[PDB]
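Below, each chain spelled out in residue letters.
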Number of protein chains: 2
Amino acid sequence: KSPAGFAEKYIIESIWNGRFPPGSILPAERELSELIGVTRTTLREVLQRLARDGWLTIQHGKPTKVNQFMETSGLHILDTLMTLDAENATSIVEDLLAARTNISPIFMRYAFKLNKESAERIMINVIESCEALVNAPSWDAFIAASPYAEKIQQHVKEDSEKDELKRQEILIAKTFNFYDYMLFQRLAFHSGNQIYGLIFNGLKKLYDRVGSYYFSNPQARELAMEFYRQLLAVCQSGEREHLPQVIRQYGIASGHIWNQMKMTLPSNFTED
Amino acid sequence: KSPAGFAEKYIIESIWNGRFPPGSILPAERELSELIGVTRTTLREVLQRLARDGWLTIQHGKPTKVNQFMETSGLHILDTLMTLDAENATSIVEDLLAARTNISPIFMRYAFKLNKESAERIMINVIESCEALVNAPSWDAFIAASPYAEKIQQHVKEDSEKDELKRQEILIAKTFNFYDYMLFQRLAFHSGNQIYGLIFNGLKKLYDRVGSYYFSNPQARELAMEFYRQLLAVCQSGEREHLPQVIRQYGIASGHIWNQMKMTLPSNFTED
DNA sequence: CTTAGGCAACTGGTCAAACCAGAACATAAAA
DNA sequence: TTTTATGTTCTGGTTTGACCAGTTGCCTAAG
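- Structure determination for this entry is recorded as X-ray crystallography, at 3.2080 Å resolution.

### What to know about the interface of chain B and chain A
A common way to report how large an interface is uses the accessible area buried once the components associate.
No. 1: On the side of chain A, 35 residues touch chain B, which itself brings 35 residues to the contact.
No. 2: Carbon and sulfur atoms supply 55% of the area buried between chain B and chain A, which totals about 3,300 Å² over both sides.
No. 3: Taken as a group, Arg52, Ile195 and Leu198 of chain B account for 20% of the area that chain B buries against chain A, more than any other trio of residues on that side.
No. 4: At the boundary of chain B with chain A, the tally comes to 6 salt bridges.
No. 5: Note that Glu8 of chain A is salt-bridged to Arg52 of chain B, the shortest N-O span being 2.9 Å.
No. 6: Between chain B and chain A we count 16 residue pairs in polar contact in total.
No. 7: A total of 8 residues in the side of chain B that touches chain A trace back to one element, the largest contributor, which is helix 5 (residues 89–114) of chain B.
No. 8: Its residues assigned to classes, the side of chain B that touches chain A comprises 16 nonpolar, 11 polar and 8 charged.

### So, the domain arrangement of chain A
Residue and element names in this part refer to chain A.
No. 1: Taken as a whole, chain A is organised into domain 1 (1–74) and domain 2 (75–272).
No. 2: Between domain 1 and domain 2, the C-alpha centre-to-centre distance is 33 Å.
No. 3: At the interface, 8 residues of domain 1 touch 7 residues of domain 2.
No. 4: Counting each side, the surface lost to burial between domain 1 and domain 2 is near 780 Å², with a carbon and sulfur contribution of 76%.
No. 5: The largest contributions to the domain 1 side of the interface with domain 2 come from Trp16, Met70 and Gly74, which together make up 60% of the buried area.
No. 6: At the junction of domain 1 with domain 2, the criterion picks out 0 salt bridges.

### Comments concerning the protein's contact with DNA strand D
No. 1: Every one of the 24 residues lining DNA strand D counts as a neighbour, but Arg30, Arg40 and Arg44 of chain A together with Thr41 and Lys62 of chain B are closest to it.
No. 2: Close to the protein, within 4 Å, the atoms of DNA strand D are drawn from sugar and phosphate at a rate of 63%.
No. 3: Contacts to DNA strand D include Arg40 of chain A, whose side-chain N or O atom sits 2.9 Å from a base oxygen.
No. 4: Between DNA strand D and the protein, one listed contact pairs a phosphate oxygen with a side-chain N or O atom of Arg44 of chain A at 2.3 Å.
No. 5: Only helix 2 (29–36) and helix 3 (40–53) of chain A together with helix 1 (3–17) and helix 3 (40–53) of chain B provide two or more residues apiece to the surface near DNA strand D.
No. 6: Each residue belonging to the surface near DNA strand D can be placed in one class, and the counts come to 6 nonpolar, 10 polar and 8 charged.

### Considerations on the environment of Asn201 of chain A
No. 1: Looking at the element boundaries, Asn201 of chain A is found in helix 8 (residues 194–202).
No. 2: Distance from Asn201 of chain A to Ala98 of chain A, taken between C-alpha atoms, is 17 Å for residues 103 residues apart in sequence.
No. 3: Dropping the residues within four chain positions of it, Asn201 of chain A is found in contact with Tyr181, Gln185 and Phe189 of chain A together with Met70, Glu71, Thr72 and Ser73 of chain B.
No. 4: Engagement of the side chain of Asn201 of chain A in a polar contact is seen with the side chain of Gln185 of chain A, the distance being 3.0 Å.

### Description of helix 8 of chain A
No. 1: Burial analysis of helix 8 of chain A places 7 of its 9 residues in the buried class, the great majority of the element.
No. 2: Residues of helix 8 of chain A that are buried sit in contact with helix 5 (89–114), helix 7 (166–189) and helix 9 (204–214) of chain A together with helix 4 (77–84), helix 5 and helix 8 (194–202) of chain B.
No. 3: For helix 8 of chain A, the capping residue at the N-terminal end is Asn193 of chain A, with a side-chain oxygen 3.2 Å from the backbone nitrogen of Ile195 of chain A.

### As for the UniProt feature "domain: HTH gntR-type" in chain A
No. 1: Under the present numbering, the feature "domain: HTH gntR-type" in UniProt falls on residues 1–69 of chain A.
No. 2: In residues 1–69 of chain A, the share of helix is 54% and the share of strand is 6%. The end C-alpha atoms are 26 Å apart.

### Section: the side chain of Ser73 of chain A
All names here are of chain A.
No. 1: Relative to the helices and strands, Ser73 is located in the loop between strand 2 (65–66) and helix 4 (77–84).
No. 2: Residue class for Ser73 comes out buried when judged on its relative accessible area of 0%.
No. 3: In this structure the side chain of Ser73 is engaged in a polar contact, spanning 3.1 Å, whose partner is the backbone oxygen of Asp53.
No. 4: Here the side chain of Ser73 touches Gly54 through a polar contact of 3.4 Å, landing on its backbone oxygen.

### Re the UniProt feature "DNA-binding region" in chain A
No. 1: The UniProt entry lists residues 29–48 of chain A under the feature "DNA-binding region", expressed in the numbering used here.
No. 2: Within residues 29–48 of chain A, the helical portion is 85% and the strand portion 0%, while the C-alpha atoms at the span's ends are 12 Å from each other.

### Some remarks on the relation of the copies chain B and chain A
Note: a rotation about an axis with an accompanying shift along it relates these two copies of the chain.
No. 1: When chain B is fitted onto chain A, the two copies agree to an RMSD of 0.3 Å after a turn of 179° and an axial shift of 0.0 Å. Such a combination of turn and shift is consistent with a two-fold rotation axis.
No. 2: Interface overlap between copies: 100% of the residues of chain B at the interface are likewise at the interface in chain A, consistent with a symmetric, same-surface contact.

### As for a negative patch on the surface
No. 1: Taken together, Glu158, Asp159, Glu161 and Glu164 of chain A make up a surface patch of like negative charges.
No. 2: We classify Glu164 of chain A as exposed; its relative accessible area is 63%.

### Observations concerning the pattern of salt bridges
No. 1: Taken as a whole, this structure holds 26 salt bridges over all chains when the rule is applied.
No. 2: As a salt-bridge pair, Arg44 of chain A and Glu29 of chain A come within 3.0 Å of each other at their nearest N and O atoms. In this pair, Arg44 of chain A sits in helix 3 while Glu29 of chain A sits in helix 2, placing the two residues 15 residues apart along the sequence.
No. 3: Residue class for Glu29 of chain A comes out buried when judged on its relative accessible area of 14%.
No. 4: Between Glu120 of chain B and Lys116 of chain B there is a salt bridge, and its shortest N-O distance comes to 2.7 Å. Of this pair, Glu120 of chain B and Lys116 of chain B both sit in helix 6 (residues 116–129), 4 residues apart, which is roughly one turn of that helix.

Definitions and limits used
- Residues numbered from 1 in each chain as written, not as in the entry; some residues may be left out.
- Chains lettered and ligands numbered in written order.
- Heavy atoms only, no water.
- Contact = heavy atoms within 4.5 Å.
- Buried area = accessible area lost by both parts, 1.4 Å probe.
- Salt bridge = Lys/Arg side-chain N within 4 Å of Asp/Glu carboxyl O.
- Polar contact = N/O pair within 3.5 Å; in protein donor to acceptor, adjacent residues only side chain to side chain.
- Helix = DSSP H or I, 4+ residues; strand = E, 2+ residues; numbered from the N terminus.
- Nonpolar A, V, L, I, M, F, W, Y, C, P; charged D, E, K, R; others polar.
- Domains from an automatic or database assignment.
- Near = heavy atom within 4 Å.
- Buried < 20%, exposed > 50% of the residue type's maximum accessible area, 1.4 Å probe, protein only.
- UniProt positions renumbered as here; feature names shortened; annotations may be inferred.
- Least-squares fit on C-alpha atoms.
- Patch = residues over 30% accessible without salt bridge, like charges linked within 9 Å, V, L, I, M, F, W, Y side chains within 5 Å.
- Areas by Shrake-Rupley, 256 points an atom, 1.4 Å probe, with all protein chains shown as cover.
- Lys, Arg positive; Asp, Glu negative; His and termini not counted.
- Charge placed at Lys NZ, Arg CZ, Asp CG, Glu CD.

Right under this line is the structure:
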């Protein structure tokens, strides 16, 4: 393990399980330095990071106070909570799915009127790039499929000669998730209101973690593409009356798919 | 000024104006230590903070790369953005008001269904605590008016002495804004969906920044209170039928109030 | 020639021991 | 009694310079 990383995981977990409870005071830096096993400097960088995340309140002369997170932290903790409160990973995702289903008719609305075929262009881009499905397993010769530092996978949970067919399935899940997130976020910025885009930016780690498993099911990918083409039809037609109906039918359908995939969660699902 | 602070504002401002442009590479840590005037360690703490905010991408061996913010950062940058290009601080606020007017019918509906009782009680708490108006201006001998650390103003102003009654005006603005934020955020958490609460937690600095001036107007404060009571009437009544009417009449009304008050902006407005 | 070693010259990360500065509280002297 | 100093010692902030560790690429030595 690495010093700073272990320090951060130690402090965060100690706050979660109740060793550094919210509302108390984090012990002096000099003491955590010998309590954890890291030098003071490194521990201070960790502390600055965590405080910037909203776990702590720091100001010199006064003792470091352990914040009441969920009241100080932002949309980012939802990912961390998944690996801290795995028992309730069930609920978190369905919040993520609910929120997106609730606010999507809001920003897509405006997006379809203000920047109509910036919307249509990125949507078409997504749909046609989502032909990783009607192709043989290495489609990474199209696209100008160079900028994919986001989809990278070192699978080495292995024993046999199937690390090259499992890996490509996970790669497919990851790519479809890549384009899904691209769709929702880029459409969320073209609403003329930044906040809807910043929301997706905040939830991105959770979004990708959920998508990389949800899109390991072809049954979901085909509904996703159908959803995309329906949205495209809406934006092109220009009548937005049908938009909410589209979004909540997709919501309930993908909802049932998730209810099926909820039972058998990978056990690399809730981790860092 | 203090080292870490000047290093951070220097870096963020340099990224903003184009000296460390998005897409470029941040100079080596050893080079900025001598370009800025801070020791390397401190500069590293600053870098860790900024990277956690999403301004940079760090990994050792490779050069620190300056992220394309607005694609990496979250809801927090809107506040900094207010103080980086004040010229369009005009637009930013109108986003903060728009989003809130859009998503308020979303969570307030669910909050009025799941936790009707906690909703109305925290609302009642807010409304009755908002009797700082019908009282002589230093009213924090009520409430158990002790937990008041957000609630601080030694701005020092002055030429001499009517400078205990504008303080009290700004303090009235600050406390009313405090309760406004309490209402929206706490109602956003009692919806059963954490994300709506995390959104407000993320925007808290911008919300406080705008509110501390918007609520220096008594006419804005009582429209706010009548709004609170209308919402209370909705939650108590149990039919959510034009909760949305209530919310957007308040939206447009507060809209016009904001539209006259934008003209004369205090100009400690866009600063940290 | 080409190619597979391995050597530097980058980069960020960790480490050490002092010291600087704000905040607090006990306590002494003044009110 | 209460209250204004006042200073020791709590806390976090900054300094220094040295070393440790991945990354990349140049440049040998082997194919």
